[PDB]
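One chain comes next, on its own, written out as C-alpha cells in the form deposited in one PDB entry.
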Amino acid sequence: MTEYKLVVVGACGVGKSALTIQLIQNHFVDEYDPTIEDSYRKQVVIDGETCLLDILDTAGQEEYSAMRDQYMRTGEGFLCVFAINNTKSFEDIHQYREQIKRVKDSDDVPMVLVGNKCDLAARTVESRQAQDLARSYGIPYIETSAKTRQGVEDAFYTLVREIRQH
C-alpha cells in the first residue's frame, strides 16, 4: 500500500487545520486554536488505488518557524495555503516555497497552491493573481472552503496526483 506524506503549510489562521480536519473528520472547526504540530492518517482510494495519507498539520505562528526544516525534509508533497481575504498570507507563500526548495534541494517538489476561505466575500487576492504565482512555480492552484467543504478533497487529492507525476 502506497503511503503519501503530505504537509500543510502557510501563515497563521489561513485554515490549515480546518482544511485537514474537514478532509479527515468531515466537520468544520469554527474556533481558532493555534497549532504546534499535529498528524493525521487515513486510508483512501484515489483513482482506483488504495493508499494511506499521512498528513502533517503545521504551525503558521512565526514563533515555531524553527520546526520547519525538520518537516520539510520528511514531507513528500506540500499544500501551500493562503486565505483569499488575507493579502499578507498570500505574500507569505514565497517564504514557504523557498524554504521547501532549499531543504529538498529541488526546483520541482510536489506542491499545490491553495486559496482558502473562498466562501468569504471580503476577497483581496484575485484568483488570477494566485494563478500567476502558481504558474511561475509550475504547480496547480485550487480554491477551497474548509467551511463549505468546497474543493477540499480536490486540493488534497490533486497533491497526491502531483506526487505521482514526480
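Numbering starts at 1 and follows the sequence shown.
The following text describes the form deposited with a small molecule bound, which does not appear among the structures shown.
Contact check for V125: no non-hydrogen atom falls within 4.5 Å of the small molecule in the bound PDB entry. Looking at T50, you'd find every heavy atom of it more than 4.5 angstroms from the small molecule in the bound PDB entry. The closest non-hydrogen atom of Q70 lies within 4.5 Å of the small molecule in the bound PDB entry. For the chain shown alone, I139 is not a contact residue for the small molecule in the bound PDB entry, no non-hydrogen atom being within 4.5 angstroms.
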